[PDB]
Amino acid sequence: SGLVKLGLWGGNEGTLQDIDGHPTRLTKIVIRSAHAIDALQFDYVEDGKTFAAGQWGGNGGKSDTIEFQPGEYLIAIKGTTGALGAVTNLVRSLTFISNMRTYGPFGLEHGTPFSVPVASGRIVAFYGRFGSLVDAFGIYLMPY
């Protein structure tokens, strides 16, 4: 609502998960990953209060936490999608680039790349499809 919504990158399996709020700021990402992306969880701010979205996806893999500093925000996201074992098409890797540093890559960068550089705007939330892994991924952006 007032946000541009990009997606989906990835396949059709899993179950859709999406936000119900009105995010103004992305404060933290928790990503689980191994040979692909296992799960996503993120916190966002609405009317001065923090909300937790997720966890979406399974408890496999290893956990990594991205917690943005004051004045730090994402300027790009990259990743790859493709098959893993019996799953036809899922999210194999993700990389998050802020104005201060790069986080990742998480997962293995097999399959078809995608990339979202942001020239004017802010990334404030995510959605996707999830089962035991991240089947598909999308992004919410606010104009700057």
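Residues carry their position along the shown sequence, with the first being 1.
Engineer: In the PDB record, does 18-26 or 125-133 carry the higher mean Cα temperature factor?
Structural biologist: Averaging CA B-factors over each stretch, the winner is 18-26.
Engineer: Comparing 62-70 with 108-116, where is the mean C-alpha B-factor higher?
Structural biologist: Taking the mean C-alpha B-factor of 62-70 and of 108-116, the larger value falls to 62-70.
Engineer: Have a look at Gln41, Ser33, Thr102, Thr81 and flag the one whose Cα has the highest B-factor in the entry.
Structural biologist: If I rank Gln41, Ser33, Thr102, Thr81 by C-alpha B-factor, first place goes to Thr102.
Engineer: Thinking about Cα B factors across the chain, which third does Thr95 belong to?
Structural biologist: Within its chain, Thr95 is a lowest-third residue by C-alpha B-factor, going by the deposited values.
Engineer: Going by the entry, which third of its chain does the Cα temperature factor of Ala86 land in?
Structural biologist: For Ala86, the deposited C-alpha B-factor lands in the highest third.
Engineer: Within this chain's modelled residues, let me know which third the CA B factor of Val45 belongs to: lowest, middle or highest.
Structural biologist: It belongs to the highest third of the chain when residues are ordered by C-alpha B-factor.
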